[PDB]
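Values quoted throughout were computed directly from the atomic coordinates according to the rules given, and no laboratory measurement underlies them. Note: ideal-geometry Cβ built from the backbone for every residue, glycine included; neighbour counts use all protein chains shown.
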Amino acid sequence: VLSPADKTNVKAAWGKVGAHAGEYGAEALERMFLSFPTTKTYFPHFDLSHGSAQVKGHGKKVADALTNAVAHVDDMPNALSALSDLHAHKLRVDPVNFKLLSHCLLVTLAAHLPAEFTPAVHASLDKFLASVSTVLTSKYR
Amino acid sequence: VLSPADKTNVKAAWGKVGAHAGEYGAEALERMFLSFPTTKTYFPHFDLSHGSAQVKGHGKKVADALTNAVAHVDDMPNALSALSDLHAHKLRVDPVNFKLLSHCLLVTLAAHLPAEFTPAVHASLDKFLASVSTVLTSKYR
Amino acid sequence: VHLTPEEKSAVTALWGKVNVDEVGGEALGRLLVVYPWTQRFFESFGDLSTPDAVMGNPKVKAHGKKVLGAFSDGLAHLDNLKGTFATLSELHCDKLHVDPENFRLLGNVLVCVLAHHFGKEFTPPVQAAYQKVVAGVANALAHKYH
Amino acid sequence: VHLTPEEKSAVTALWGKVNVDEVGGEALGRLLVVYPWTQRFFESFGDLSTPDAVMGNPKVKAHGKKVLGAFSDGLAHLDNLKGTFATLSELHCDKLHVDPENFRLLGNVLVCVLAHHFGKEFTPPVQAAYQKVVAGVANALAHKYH
Ligand code: HEM
Ligand code: HEM
Ligand code: HNI
Ligand code: HNI
């Protein structure tokens, strides 16, 4: 699903984010419960109020799980398997919500990396995030 | 993405199908043209009346394309590279129209293989077509 | 929604032979196995561990009957679907939060069931009528979002 | 089709800083580029076979203008998006056969082009507000399918 060039623009953007991931995660997250509210039922305990040390340590778990993927790009199924069973069996996240987050996650990059966010990187980032989604929502039984 | 239980059930279905596939593919295309008329515009140079012999051969090209992706189940992207270009690049087919023919393939199969089309197998064929569709569409530029 | 006389005939025609005590359970049941995430809205129904479990469930089949009922009902009011489901759309939207793709998904699992109980009697032109039907319902149910 | 005062603000305040001439082409291209099959509708536009082939394509700009145009159009008429986009609706559906999902795509690429051009200015409180409008327009556009 991901061609040679696609993988290139990915790393291209992980880099110029590097260790900022941990934030952009939370930032991409807060953009979500703030843009599409339905997504809130998945986090019943949480305080989705701005700044939350919850939404901040979560975005790291996220952004790092992605790095793991940008790393294991030629094989995400098995490398993301631990995560695929939290979202498909335990959490039962509606595939829809992923399209939502891959979108928020994408608006963060666009507004923190105006030089890298290029029409073709933009694209490659979608296929990437799309491919991540497909893996975390695959296992359903 | 596709456990052994699935790949298992797929065959017990391809099986009862037998070279009845040719006939089934065409039936799907037919169902799709009838139930989803916009998808008829991807074939302007085709006679779309009932039993129109192109559709019969085309149904066989499609079914044989499936019978092949089942064989190379664990390696579909590669095996379908030919179509990937065709559909993704040449025809520019909306990934949505794939959901339609996959639905109209499933419906066909339920219409002729009662016993084999159990919930268990239904789920599997769906995930399977869902995939072939990603492939046949994930080559875009 | 917009069915032609011929079409409108085959629907109410074929419908009349549907076992209303078992089709609801099948469609609602298969929905829960083909698109597993939809199980999350039925935690309170119990066992849904395997395809057999899910299909056996008396809550699944129970509920499934209520569902087909709403469809039954819609087939009688094809010219007022948005109203027929007015409170159902509120329910599934402001109180249950079911993303709408799922209605379109249930509607198609239903079609697959008819095709199953009606072999070749479920012909392309008939399925075509239904598609117009399940789409009307799916679209009426998601109205309190529009 | 109901946004709070808070929202009404940000929306009109950042759209006033929008290069009405270039964000429209910037969007329609980012569409044909991230959602490549959307090209099949612009055959008579020539070269598109490469990100920049598209990003520089002139018709791809002349058009992205009238598009980011109707947007601004609707933005004045927030409380009757159906009216505002009636004829524009029957065109893409009744005529061109543009599957309505693609509408929620162009609106989402769009929102993305904003984040780009306005950095931290485009804040979540801003996106939310805008997210609501993009959905509006898009649902608005698809009404002749409902
Ligand atoms: C880019 C896509 C996503 C990635 C990489 C991701 C990653 C993760 C990770 C690493 C965890 C922590 C797992 C653990 O503690 O063992 C997690 C938890 C969780 N995720 Fe996601 N996720 C994604 C999308 C989503 C979406 C779309 C939702 C739905 C809104 C969601 C809902 C949840 C929930 C409810 C938890 C458990 C939270 C808690 O109890 O603290 N995730 N995710
Ligand atoms: C378009 C096809 C559908 C129809 C006609 C339909 C109809 C109904 C009806 C008539 C009820 C009972 C309402 C009441 O008790 O007052 C109901 C309840 C419910 N439905 Fe649906 N539904 C449909 C699709 C779905 C889908 C796709 C889901 C999610 C996967 C869903 C989830 C639920 C849930 C969780 C309840 C809870 C009822 C309760 O225990 O309070 N429905 N539905
Ligand atoms: C409506 C859009 C559309 C969809 C959803 C679709 C979905 C699929 C699927 C998914 C299950 C499969 C396995 C498949 C397989 C095939 N298609 Ni599709 N095709 C579609 C539109 C076409 C068109 C158009 C052609 C060329 C037809 C012609 O001969 O003009 C085609 C040709 C083919 C061929 C012929 C290849 C060759 O020349 O040898 C195969 C095989 N296909 N198509
Ligand atoms: C990928 C398909 C596609 C999408 C998603 C899309 C989405 C949108 C959206 C937001 C969702 C808006 C506000 C919009 C607005 C417009 N489009 Ni779109 N258009 C699309 C394909 C077209 C095509 C093709 C035309 C040319 C129509 C013609 O005149 O032949 C067009 C023409 C227009 C015109 C000019 C009409 C005229 O001259 O009569 C406007 C205005 N549009 N389009």
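Points to keep in mind about this one:
- Taken together, the criteria place C:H77 among residues that are surrounded by fewer than 17 Cβ atoms within 10 Å (Cβ to Cβ) and of a type outside the set (K, R).
- Residue satisfying condition, being near ligand 2 (Cβ under 10 Å from one of its atoms) and either more than 23 Å from C:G136 (Cα to Cα) or more than 14 Å from every other protein chain (Cβ to nearest Cβ) (or both), within set C:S9, C:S72, C:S49: C:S72
- Enumeration of residues in segment B:5-35 that are of a type in the set (D, E) and exposed (fewer than 15 other Cβ atoms within 10 Å of the Cβ): none
- Hits in segment B:89-108 - residues which are out of contact with any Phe, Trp or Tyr (no Cβ under 6 Å at 6 or more places or on another chain) and either free of Cβ contacts under 8 Å to residues at least 40 places away in the same chain or within 23 Å of C:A129 (Cβ to Cβ) (or both): B:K90, B:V96, B:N97, B:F98, B:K99, B:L101, B:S102, B:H103, B:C104, B:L105, B:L106, B:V107
- Test: D:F122 is more than 14 Å from the chain's Cα centre (by Cα), crowded, with 18+ Cβ neighbours inside 10 Å, at negative phi and facing chain A (nearest Cβ under 9 Å): yes
- Residue match in segment B:25-35 (condition: within 10 Å of ligand 3 (Cβ to nearest atom), over 15 Å from the mean Cα position of the chain (by Cα) and within 14 Å of chain D (Cβ to nearest Cβ)): no
- Taking segment B:102-112 as the range and being surrounded by fewer than 22 Cβ atoms within 10 Å (Cβ to Cβ) and under 15 Å from the mean Cα position of the chain (by Cα) as the test, only B:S102 passes.
- Residue match in segment A:82-93 (condition: over 24 Å from A:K40 (Cβ atoms) and either more than 8 Å from ligand 1 (Cβ to nearest atom) or surrounded by fewer than 15 Cβ atoms within 10 Å (Cβ to Cβ) (or both)): yes
- Flag for A:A115 being under 10 Å from the mean Cα position of the chain (by Cα) and surrounded by fewer than 19 Cβ atoms within 10 Å (Cβ to Cβ): no
- Any chance B:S133 is closer than 20 Å to C:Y35 by Cβ and among the hydroxyl-bearing types (S, T, Y): yes
- Of all residues in segment B:87-141, those that are closer than 22 Å to B:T8 by Cβ and within 14 Å of chain D (Cβ to nearest Cβ) total 2.
Here's the yes/no breakdown for (1) within 10 Å of ligand 4 (Cβ to nearest atom); (2) more than 13 Å from D:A138 (Cα to Cα); (3) in contact with a helix residue (DSSP H, G or I) (Cβ under 8 Å, 6 or more places away or on another chain):
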position	(1), (2), (3)
D:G56	no, yes, no
D:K61	no, yes, yes
D:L91	yes, yes, no
D:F103	yes, no, yes
D:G107	yes, no, yes
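- Qualifying residue in segment B:62-77 (condition: buried (at least 16 other Cβ atoms within 10 Å of the Cβ) and within 14 Å of chain C (Cβ to nearest Cβ)): no
- For the residues C:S89, C:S9, C:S44, the requirement of being touching a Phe, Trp or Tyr at 6+ places or on another chain (Cβ under 9 Å) and hydroxyl-bearing (S, T, Y) singles out C:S89.
Here is a yes/no grid of residues against (1) over 28 Å from C:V98 (Cβ atoms); (2) under 13 Å from the mean Cα position of the chain (by Cα):
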position: A:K40; (1), (2): no, no
position: A:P44; (1), (2): no, no
position: A:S49; (1), (2): no, no
position: A:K60; (1), (2): yes, yes
position: A:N68; (1), (2): yes, yes
position: A:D74; (1), (2): yes, no
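- Within segment C:92-108, the set of residues being within 8 Å of ligand 2 (Cβ to nearest atom), over 14 Å from C:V34 (Cα atoms) and facing chain A (nearest Cβ under 9 Å) comprises just one member, C:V98.
- Residue among C:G29, C:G46 that alone is away from ligand 1 (no atom under 16 Å from the Cβ) and at positive phi: C:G46
- The single condition from (1) hydroxyl-bearing (S, T, Y); (2) away from every other protein chain (no Cβ under 12 Å); (3) within 16 Å of ligand 4 (Cβ to nearest atom) that B:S52 fails is (3).
- Boolean, D:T84 is buried (at least 20 other Cβ atoms within 10 Å of the Cβ) and either closer than 17 Å to D:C112 by Cβ or of a type in the set (A, V, I, L, M, F, W, C) (or both): no
- The condition of being among the β-branched types (V, I, T) and at the interface with another protein chain (Cβ under 10 Å from one of its Cβ atoms) holds for only one of C:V133, C:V111, C:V60, that being C:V111.
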